[PDB]
Every structure is written in structure tokens, then in C-alpha cells.
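Trainee: Got a structure for you, work.tsv, holding TSV, C-alpha atoms.
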chain	number	residue	atom	x	y	z
A	44	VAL	CA	-17.07	12.30	-20.51
A	45	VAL	CA	-15.08	10.81	-23.36
A	46	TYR	CA	-15.13	7.18	-24.64
A	47	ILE	CA	-12.62	5.13	-26.61
A	48	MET	CA	-12.33	1.64	-28.12
A	49	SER	CA	-11.03	-1.18	-25.97
A	50	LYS	CA	-8.66	-3.78	-27.46
A	51	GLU	CA	-11.82	-5.81	-28.08
A	52	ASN	CA	-13.56	-2.95	-30.01
A	53	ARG	CA	-16.11	-2.04	-27.43
A	54	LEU	CA	-16.55	1.41	-26.06
A	55	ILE	CA	-15.05	2.16	-22.67
A	56	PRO	CA	-14.80	5.50	-20.79
A	57	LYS	CA	-11.43	7.27	-21.20
A	58	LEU	CA	-10.30	7.81	-17.63
A	59	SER	CA	-7.22	9.65	-16.46
A	60	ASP	CA	-4.67	7.83	-14.27
A	61	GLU	CA	-6.14	9.74	-11.29
A	62	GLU	CA	-9.86	8.95	-11.96
A	63	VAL	CA	-8.97	5.26	-12.20
A	64	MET	CA	-7.29	5.50	-8.78
A	65	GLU	CA	-10.35	7.31	-7.34
A	66	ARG	CA	-12.48	4.37	-8.57
A	67	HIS	CA	-10.23	1.89	-6.68
A	68	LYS	CA	-10.66	4.13	-3.61
A	69	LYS	CA	-14.50	4.19	-3.94
A	70	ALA	CA	-14.45	0.41	-4.43
A	71	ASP	CA	-12.62	0.23	-1.07
A	72	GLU	CA	-14.76	2.72	0.91
A	73	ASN	CA	-17.65	0.62	-0.35
A	74	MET	CA	-16.38	-2.80	0.56
A	75	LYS	CA	-15.42	-1.46	4.04
A	76	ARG	CA	-18.98	-0.25	4.59
A	77	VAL	CA	-20.46	-3.60	3.44
A	78	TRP	CA	-18.09	-5.55	5.63
A	79	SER	CA	-18.91	-3.64	8.78
A	80	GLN	CA	-22.61	-4.04	7.90
A	81	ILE	CA	-22.18	-7.80	7.73
A	82	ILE	CA	-20.43	-7.75	11.10
A	83	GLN	CA	-23.15	-5.57	12.69
A	84	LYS	CA	-25.99	-7.79	11.38
A	85	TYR	CA	-24.65	-11.04	12.79
A	86	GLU	CA	-23.20	-9.51	15.95
A	87	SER	CA	-26.46	-7.80	17.08
A	88	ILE	CA	-28.17	-9.30	20.17
A	89	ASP	CA	-31.41	-8.99	18.13
A	90	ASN	CA	-30.47	-12.07	16.17
A	91	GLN	CA	-28.85	-13.79	19.07
A	92	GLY	CA	-31.71	-14.95	21.35
A	93	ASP	CA	-33.32	-11.64	22.26
A	94	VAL	CA	-36.48	-10.25	23.87
A	95	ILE	CA	-37.25	-6.51	24.05
A	96	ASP	CA	-39.69	-4.65	26.31
A	97	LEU	CA	-41.56	-2.09	24.22
A	98	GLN	CA	-42.23	0.16	27.24
A	99	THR	CA	-38.54	0.77	27.91
A	100	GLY	CA	-37.02	-0.19	24.53
A	101	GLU	CA	-34.50	-2.26	26.51
A	102	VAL	CA	-33.49	-5.92	26.13
A	103	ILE	CA	-35.29	-8.02	28.78
B	108	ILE	CA	-23.43	-18.28	-4.47
B	109	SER	CA	-25.40	-21.45	-3.85
B	110	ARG	CA	-25.48	-22.74	-0.26
B	111	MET	CA	-24.72	-26.49	-0.77
B	112	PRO	CA	-21.31	-26.48	-2.50
B	113	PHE	CA	-20.23	-23.58	-0.23
B	114	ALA	CA	-21.17	-25.62	2.85
B	115	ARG	CA	-19.34	-28.70	1.54
B	116	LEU	CA	-16.26	-26.47	1.14
B	117	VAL	CA	-16.57	-24.94	4.62
B	118	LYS	CA	-16.58	-28.51	5.95
B	119	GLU	CA	-13.61	-29.70	3.88
B	120	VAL	CA	-11.71	-26.64	5.19
B	121	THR	CA	-12.76	-27.02	8.85
B	122	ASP	CA	-11.51	-30.64	8.61
B	123	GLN	CA	-7.93	-29.73	7.71
B	124	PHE	CA	-7.79	-27.91	11.12
B	125	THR	CA	-8.90	-30.86	13.29
B	131	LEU	CA	-16.65	-29.71	14.50
B	132	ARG	CA	-20.18	-28.68	13.64
B	133	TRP	CA	-21.43	-25.42	12.10
B	134	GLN	CA	-24.30	-23.24	13.29
B	135	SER	CA	-26.46	-22.31	10.25
B	136	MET	CA	-26.11	-18.54	10.82
B	137	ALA	CA	-22.37	-19.18	11.03
B	138	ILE	CA	-22.26	-20.55	7.47
B	139	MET	CA	-24.55	-17.75	6.21
B	140	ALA	CA	-22.30	-15.05	7.71
B	141	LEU	CA	-19.25	-16.73	6.14
B	142	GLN	CA	-21.02	-16.89	2.76
B	143	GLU	CA	-22.13	-13.27	2.91
B	144	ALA	CA	-18.56	-12.30	3.81
B	145	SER	CA	-17.00	-14.57	1.14
B	146	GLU	CA	-19.25	-12.87	-1.44
B	147	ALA	CA	-18.32	-9.30	-0.45
B	148	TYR	CA	-14.65	-10.23	-0.52
B	149	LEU	CA	-14.87	-11.80	-3.98
B	150	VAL	CA	-17.01	-9.05	-5.49
B	151	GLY	CA	-14.54	-6.46	-4.09
B	152	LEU	CA	-11.61	-8.25	-5.68
B	153	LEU	CA	-13.53	-8.50	-8.97
B	154	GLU	CA	-14.06	-4.72	-8.96
B	155	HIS	CA	-10.31	-4.09	-8.52
B	156	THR	CA	-9.53	-6.68	-11.21
B	157	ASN	CA	-12.00	-4.93	-13.50
B	158	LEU	CA	-10.24	-1.58	-12.93
B	159	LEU	CA	-6.83	-3.01	-13.83
B	160	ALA	CA	-8.29	-4.34	-17.11
B	161	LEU	CA	-9.87	-0.96	-17.76
B	162	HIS	CA	-6.50	0.78	-17.32
B	163	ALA	CA	-5.08	-1.68	-19.87
B	164	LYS	CA	-8.04	-0.73	-22.17
B	165	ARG	CA	-9.67	-4.18	-21.83
B	166	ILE	CA	-13.22	-5.05	-20.77
B	167	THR	CA	-12.16	-8.72	-20.44
B	168	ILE	CA	-10.53	-9.58	-17.11
B	169	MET	CA	-7.59	-12.01	-17.16
B	170	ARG	CA	-5.87	-14.30	-14.66
B	171	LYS	CA	-2.90	-11.86	-14.62
B	172	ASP	CA	-5.20	-8.93	-13.60
B	173	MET	CA	-6.63	-11.00	-10.72
B	174	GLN	CA	-3.18	-12.17	-9.72
B	175	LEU	CA	-2.03	-8.55	-9.41
B	176	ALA	CA	-5.09	-7.40	-7.48
B	177	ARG	CA	-4.22	-10.38	-5.24
B	178	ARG	CA	-0.58	-9.46	-4.67
B	179	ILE	CA	-1.83	-6.08	-3.37
B	180	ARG	CA	-3.23	-8.42	-0.67
C	24	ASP	CA	-16.15	-31.63	-5.27
C	25	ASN	CA	-14.42	-30.20	-8.35
C	26	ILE	CA	-16.83	-27.29	-7.94
C	27	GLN	CA	-14.80	-26.08	-4.96
C	28	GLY	CA	-17.47	-24.02	-3.13
C	29	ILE	CA	-18.92	-21.97	-6.04
C	30	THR	CA	-20.54	-22.90	-9.36
C	31	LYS	CA	-19.44	-21.30	-12.66
C	32	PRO	CA	-22.79	-19.47	-13.01
C	33	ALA	CA	-22.34	-18.13	-9.46
C	34	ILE	CA	-18.89	-16.86	-10.30
C	35	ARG	CA	-20.35	-15.03	-13.29
C	36	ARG	CA	-23.00	-13.45	-11.07
C	37	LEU	CA	-20.32	-12.19	-8.66
C	38	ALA	CA	-18.28	-10.70	-11.53
C	39	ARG	CA	-21.36	-8.90	-12.97
C	40	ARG	CA	-22.05	-7.45	-9.52
C	41	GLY	CA	-18.39	-6.33	-9.66
C	42	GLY	CA	-19.08	-4.50	-12.97
C	43	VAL	CA	-17.23	-7.03	-15.16
C	44	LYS	CA	-18.47	-7.57	-18.76
C	45	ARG	CA	-16.25	-10.50	-19.91
C	46	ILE	CA	-13.86	-12.98	-18.27
C	47	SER	CA	-11.18	-15.30	-19.54
C	48	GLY	CA	-12.22	-18.89	-18.66
C	49	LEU	CA	-9.12	-19.07	-16.37
C	50	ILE	CA	-10.97	-16.68	-14.02
C	51	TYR	CA	-13.11	-19.55	-12.74
C	52	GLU	CA	-10.24	-21.48	-11.26
C	53	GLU	CA	-8.65	-18.28	-9.98
C	54	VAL	CA	-11.86	-17.23	-8.19
C	55	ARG	CA	-12.14	-20.72	-6.65
C	56	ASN	CA	-8.53	-20.40	-5.57
C	57	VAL	CA	-9.17	-17.05	-3.88
C	58	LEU	CA	-12.26	-18.49	-2.14
C	59	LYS	CA	-10.32	-21.37	-0.67
C	60	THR	CA	-7.52	-19.06	0.49
C	61	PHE	CA	-9.94	-16.66	2.13
C	62	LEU	CA	-11.86	-19.41	3.92
C	63	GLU	CA	-8.72	-21.15	5.21
C	64	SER	CA	-7.65	-17.86	6.78
C	65	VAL	CA	-11.05	-17.00	8.26
C	66	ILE	CA	-11.92	-20.55	9.34
C	67	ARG	CA	-8.54	-21.05	11.05
C	68	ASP	CA	-9.40	-18.06	13.26
C	69	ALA	CA	-13.02	-19.06	13.85
C	70	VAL	CA	-11.98	-22.63	14.78
C	71	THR	CA	-9.35	-21.71	17.42
C	72	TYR	CA	-11.92	-19.32	18.96
C	73	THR	CA	-14.47	-22.14	19.18
C	74	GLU	CA	-11.97	-24.50	20.76
C	75	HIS	CA	-10.56	-21.87	23.19
C	76	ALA	CA	-14.18	-21.54	24.37
C	77	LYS	CA	-14.33	-25.37	24.68
C	78	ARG	CA	-17.26	-25.79	22.29
C	79	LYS	CA	-18.00	-28.30	19.52
C	80	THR	CA	-20.11	-26.01	17.30
C	81	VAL	CA	-18.85	-22.89	15.46
C	82	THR	CA	-21.22	-19.99	16.24
C	83	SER	CA	-22.05	-16.82	14.31
C	84	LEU	CA	-20.05	-14.99	17.04
C	85	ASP	CA	-17.05	-17.22	16.29
C	86	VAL	CA	-17.31	-16.19	12.64
C	87	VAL	CA	-17.85	-12.53	13.59
C	88	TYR	CA	-14.70	-12.39	15.77
C	89	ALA	CA	-12.86	-14.05	12.84
C	90	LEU	CA	-14.29	-11.43	10.42
C	91	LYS	CA	-13.26	-8.47	12.62
C	92	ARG	CA	-9.63	-9.72	12.26
C	93	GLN	CA	-9.89	-9.95	8.49
C	94	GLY	CA	-11.64	-6.57	8.53
C	95	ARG	CA	-8.80	-4.73	10.17
C	96	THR	CA	-6.10	-5.95	7.77
C	97	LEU	CA	-8.24	-5.71	4.55
Using the file provided, produce a representation of the structure as C-alpha cells.

Mentor:
Amino acid sequence: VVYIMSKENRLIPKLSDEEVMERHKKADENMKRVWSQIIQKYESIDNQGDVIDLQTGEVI
Amino acid sequence: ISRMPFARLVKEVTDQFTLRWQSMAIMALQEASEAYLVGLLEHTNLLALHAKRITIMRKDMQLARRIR
Amino acid sequence: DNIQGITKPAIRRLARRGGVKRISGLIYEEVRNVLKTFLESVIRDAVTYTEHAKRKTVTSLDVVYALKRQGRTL
């Protein structure tokens, strides 16, 4: 894992064109996952008015 | 992000389309606004990195933007 | 006001969470710009959904439907 000097003289990892692209891809997989998690949280009946019977596990 | 200026903005923006906001509605918007921005900042950061900079510029953000 | 939905310290927090180490000062205005653009798009969808339902209050389900639309393009 090699490092080189940025134009501001700080050390940054020397990534190939491809590794950089793979980082963009991982950024995207990640923001997709977060987004759907936000949607699932607010969409759930459990934080709309909800009551659950513990015998059945079902929404009353 | 702080809640109060965000809320003031949500209201300014709802007004150009005319309403009241449920509190979970603003929170969900805020959580979503934050993911969106952070995601764009990561892409912007990667463009700077490819140009061998650790300082992100308006031009970097503008490009990450154009790739809608 | 001139703070346009997000304080300068909050913008810096978002950038750090994005892995950024340094920003040009022009990033502040650009991030505020992006925020406004994103909200106009999302809020336009949420609003028409609230009105098509004939309600006066935007619900978390209004925002959710609006987010699903943004989710499928982005």
C-alpha cells in the first residue's frame, strides 16, 4: 500500500485508476443501503401508531 | 445538522409551492438530506484524491453534481 | 436566513463524515446550494402527495413516498 505527496505536501495513498473507481462504487453501495434504511425506519407501522400482541407477534 | 435552521429552510421551500409539517416528517427529511450530502462529499473527496489533492474545491463538487 | 438550512460547523461535520480533510471556503455556499436543490425536488413531491390526499399537514409517509422517488433515480 504505497503513499505519495499531495499538491499540499501531505501523504495520500497512491491508488490506481481502477481502485479509485471501486471506492466510488463502495461509496454508492453504501449510500443506497443507508437510504433504504432511512425509508424502512420511517415507513414501519411500528412508528406509525402501532400496538402489538406479544402472544401472536401480530399488530393488533 | 442543527434542527432549527433546517426547519426554517423546509418552510421557506414549502412556501414556494403554495402547509404544516409533522415533526417526524422534518426529521426524516433531515436524515435524508444528511445522507445525500455526505454521499456527495465522499464522491467530491475521491475526485480531489485522483487530482492528488486532499482539499476539495467548488469545481470537484460541481463535477460530482453534473454526474447527477 | 443567510445560513440557508445548515451552519458552517455543520457543513464541516458532514464533510469529515465524508472523509474530507480540507475544504476551500467556497464549499460552504456550494453545499448550501445542493441542499436547497435537493429539498426543492423532494418537497415538491411530498407536497403534491399531501394535497392529492386532501390534507393540510405533511406526514412522514408523504416524505417517505417522496424519498422512494429520489431513491430510484439516485

Trainee: Which residues of chain B are close to chain A, meaning at most 12 Å apart when you count all atoms listed in the file, and how do they look as a PyMOL selection string?

Mentor: chain B and resi 134-168+176

Trainee: Keeping C-alpha atoms, export the residues of the selection given above as a PDB file, in the frame of the given file.

Mentor:
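Output contents, as saved in out-v8.pdb:
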ATOM      1  CA  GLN B 134     -24.300 -23.240  13.290  1.00  0.00           C
ATOM      2  CA  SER B 135     -26.460 -22.310  10.250  1.00  0.00           C
ATOM      3  CA  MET B 136     -26.110 -18.540  10.820  1.00  0.00           C
ATOM      4  CA  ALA B 137     -22.370 -19.180  11.030  1.00  0.00           C
ATOM      5  CA  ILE B 138     -22.260 -20.550   7.470  1.00  0.00           C
ATOM      6  CA  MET B 139     -24.550 -17.750   6.210  1.00  0.00           C
ATOM      7  CA  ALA B 140     -22.300 -15.050   7.710  1.00  0.00           C
ATOM      8  CA  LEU B 141     -19.250 -16.730   6.140  1.00  0.00           C
ATOM      9  CA  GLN B 142     -21.020 -16.890   2.760  1.00  0.00           C
ATOM     10  CA  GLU B 143     -22.130 -13.270   2.910  1.00  0.00           C
ATOM     11  CA  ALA B 144     -18.560 -12.300   3.810  1.00  0.00           C
ATOM     12  CA  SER B 145     -17.000 -14.570   1.140  1.00  0.00           C
ATOM     13  CA  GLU B 146     -19.250 -12.870  -1.440  1.00  0.00           C
ATOM     14  CA  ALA B 147     -18.320  -9.300  -0.450  1.00  0.00           C
ATOM     15  CA  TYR B 148     -14.650 -10.230  -0.520  1.00  0.00           C
ATOM     16  CA  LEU B 149     -14.870 -11.800  -3.980  1.00  0.00           C
ATOM     17  CA  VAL B 150     -17.010  -9.050  -5.490  1.00  0.00           C
ATOM     18  CA  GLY B 151     -14.540  -6.460  -4.090  1.00  0.00           C
ATOM     19  CA  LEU B 152     -11.610  -8.250  -5.680  1.00  0.00           C
ATOM     20  CA  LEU B 153     -13.530  -8.500  -8.970  1.00  0.00           C
ATOM     21  CA  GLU B 154     -14.060  -4.720  -8.960  1.00  0.00           C
ATOM     22  CA  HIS B 155     -10.310  -4.090  -8.520  1.00  0.00           C
ATOM     23  CA  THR B 156      -9.530  -6.680 -11.210  1.00  0.00           C
ATOM     24  CA  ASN B 157     -12.000  -4.930 -13.500  1.00  0.00           C
ATOM     25  CA  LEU B 158     -10.240  -1.580 -12.930  1.00  0.00           C
ATOM     26  CA  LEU B 159      -6.830  -3.010 -13.830  1.00  0.00           C
ATOM     27  CA  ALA B 160      -8.290  -4.340 -17.110  1.00  0.00           C
ATOM     28  CA  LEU B 161      -9.870  -0.960 -17.760  1.00  0.00           C
ATOM     29  CA  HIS B 162      -6.500   0.780 -17.320  1.00  0.00           C
ATOM     30  CA  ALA B 163      -5.080  -1.680 -19.870  1.00  0.00           C
ATOM     31  CA  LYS B 164      -8.040  -0.730 -22.170  1.00  0.00           C
ATOM     32  CA  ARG B 165      -9.670  -4.180 -21.830  1.00  0.00           C
ATOM     33  CA  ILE B 166     -13.220  -5.050 -20.770  1.00  0.00           C
ATOM     34  CA  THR B 167     -12.160  -8.720 -20.440  1.00  0.00           C
ATOM     35  CA  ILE B 168     -10.530  -9.580 -17.110  1.00  0.00           C
ATOM     36  CA  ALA B 176      -5.090  -7.400  -7.480  1.00  0.00           C
TER      37      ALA B 176
END

Trainee: Could the residues of chain C within 12 Å of chain A, counting only C-alpha atoms, be given as a list in words, please?

Mentor: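 Taken together, these residues fit the definition: residues 41, 42, 44, 45, 82, 83, 84, 85, 86, 87, 88, 89, 90, 91, 92, 93, 94, 95, 96 and 97 of chain C.
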
Trainee: Would you give me, as an NGL selection string, the residues of chain C that come within 7 Å of chain B, using all atoms listed in the file?

Mentor: :C and (27-29 or 33 or 37-38 or 40-47 or 49-50 or 53 or 58 or 63 or 66-67 or 79-83 or 86)

Trainee: Just checking: using only C-alpha atoms, which residue out of C:55, C:77, C:69, C:39 ends up closest to residue C:26?

Mentor: C:55

Trainee: Just to confirm, what's the straight-line distance from atom CA of residue A:94 to atom CA of residue C:72 in Å (one decimal)?

Mentor: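 Interatomic distance here is 26.6 Å.
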
Trainee: Which value, in Å to one decimal, gives the distance between atom CA of residue A:76 and atom CA of residue C:32?

Mentor: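 Computing the Euclidean distance for atom CA of residue A:76 and atom CA of residue C:32 yields 26.3 Å.
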
Trainee: Mind pulling up the distance from atom CA of residue C:31 to atom CA of residue C:51?

Mentor: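 Computed distance, atom CA of residue C:51 to atom CA of residue C:31, equals 6.6 Å.
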
Trainee: Where atoms are absent from stretch 66-79 of chain C, fill them in so it carries N, CA, C and O atoms, then output it as a PDB file, keeping the file's coordinate frame.

Mentor:
ATOM      1  N   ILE C  66     -11.477 -19.370   8.602  1.00  0.00           N
ATOM      2  CA  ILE C  66     -11.920 -20.550   9.340  1.00  0.00           C
ATOM      3  C   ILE C  66     -10.893 -20.979  10.379  1.00  0.00           C
ATOM      4  O   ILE C  66     -11.280 -21.403  11.473  1.00  0.00           O
ATOM      5  N   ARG C  67      -9.601 -20.828  10.057  1.00  0.00           N
ATOM      6  CA  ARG C  67      -8.540 -21.050  11.050  1.00  0.00           C
ATOM      7  C   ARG C  67      -8.766 -20.197  12.300  1.00  0.00           C
ATOM      8  O   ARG C  67      -8.581 -20.672  13.402  1.00  0.00           O
ATOM      9  N   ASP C  68      -9.166 -18.941  12.123  1.00  0.00           N
ATOM     10  CA  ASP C  68      -9.400 -18.060  13.260  1.00  0.00           C
ATOM     11  C   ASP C  68     -10.673 -18.413  14.008  1.00  0.00           C
ATOM     12  O   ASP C  68     -10.677 -18.451  15.236  1.00  0.00           O
ATOM     13  N   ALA C  69     -11.746 -18.676  13.261  1.00  0.00           N
ATOM     14  CA  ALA C  69     -13.020 -19.060  13.850  1.00  0.00           C
ATOM     15  C   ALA C  69     -12.878 -20.339  14.691  1.00  0.00           C
ATOM     16  O   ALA C  69     -13.363 -20.396  15.823  1.00  0.00           O
ATOM     17  N   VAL C  70     -12.189 -21.334  14.139  1.00  0.00           N
ATOM     18  CA  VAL C  70     -11.980 -22.630  14.780  1.00  0.00           C
ATOM     19  C   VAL C  70     -11.245 -22.541  16.130  1.00  0.00           C
ATOM     20  O   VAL C  70     -11.718 -23.099  17.125  1.00  0.00           O
ATOM     21  N   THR C  71     -10.113 -21.837  16.170  1.00  0.00           N
ATOM     22  CA  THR C  71      -9.350 -21.710  17.420  1.00  0.00           C
ATOM     23  C   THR C  71     -10.171 -20.980  18.489  1.00  0.00           C
ATOM     24  O   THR C  71     -10.072 -21.314  19.672  1.00  0.00           O
ATOM     25  N   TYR C  72     -10.989 -20.012  18.063  1.00  0.00           N
ATOM     26  CA  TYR C  72     -11.920 -19.320  18.960  1.00  0.00           C
ATOM     27  C   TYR C  72     -13.000 -20.245  19.553  1.00  0.00           C
ATOM     28  O   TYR C  72     -13.398 -20.095  20.712  1.00  0.00           O
ATOM     29  N   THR C  73     -13.462 -21.198  18.757  1.00  0.00           N
ATOM     30  CA  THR C  73     -14.470 -22.140  19.180  1.00  0.00           C
ATOM     31  C   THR C  73     -13.884 -23.119  20.188  1.00  0.00           C
ATOM     32  O   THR C  73     -14.511 -23.451  21.210  1.00  0.00           O
ATOM     33  N   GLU C  74     -12.664 -23.558  19.901  1.00  0.00           N
ATOM     34  CA  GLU C  74     -11.970 -24.500  20.760  1.00  0.00           C
ATOM     35  C   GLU C  74     -11.449 -23.860  22.065  1.00  0.00           C
ATOM     36  O   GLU C  74     -11.488 -24.499  23.116  1.00  0.00           O
ATOM     37  N   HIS C  75     -10.984 -22.611  21.995  1.00  0.00           N
ATOM     38  CA  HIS C  75     -10.560 -21.870  23.190  1.00  0.00           C
ATOM     39  C   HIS C  75     -11.734 -21.651  24.153  1.00  0.00           C
ATOM     40  O   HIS C  75     -11.547 -21.541  25.367  1.00  0.00           O
ATOM     41  N   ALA C  76     -12.942 -21.602  23.595  1.00  0.00           N
ATOM     42  CA  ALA C  76     -14.180 -21.540  24.370  1.00  0.00           C
ATOM     43  C   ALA C  76     -14.584 -22.912  24.907  1.00  0.00           C
ATOM     44  O   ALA C  76     -15.421 -22.993  25.805  1.00  0.00           O
ATOM     45  N   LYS C  77     -13.987 -23.973  24.359  1.00  0.00           N
ATOM     46  CA  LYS C  77     -14.330 -25.370  24.680  1.00  0.00           C
ATOM     47  C   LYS C  77     -15.717 -25.798  24.163  1.00  0.00           C
ATOM     48  O   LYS C  77     -16.476 -26.494  24.852  1.00  0.00           O
ATOM     49  N   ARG C  78     -16.025 -25.391  22.937  1.00  0.00           N
ATOM     50  CA  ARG C  78     -17.260 -25.790  22.290  1.00  0.00           C
ATOM     51  C   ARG C  78     -16.992 -26.714  21.114  1.00  0.00           C
ATOM     52  O   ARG C  78     -15.851 -26.841  20.658  1.00  0.00           O
ATOM     53  N   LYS C  79     -18.058 -27.348  20.628  1.00  0.00           N
ATOM     54  CA  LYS C  79     -18.000 -28.300  19.520  1.00  0.00           C
ATOM     55  C   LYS C  79     -18.692 -27.783  18.257  1.00  0.00           C
ATOM     56  O   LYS C  79     -18.610 -28.405  17.191  1.00  0.00           O
TER      57      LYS C  79
END
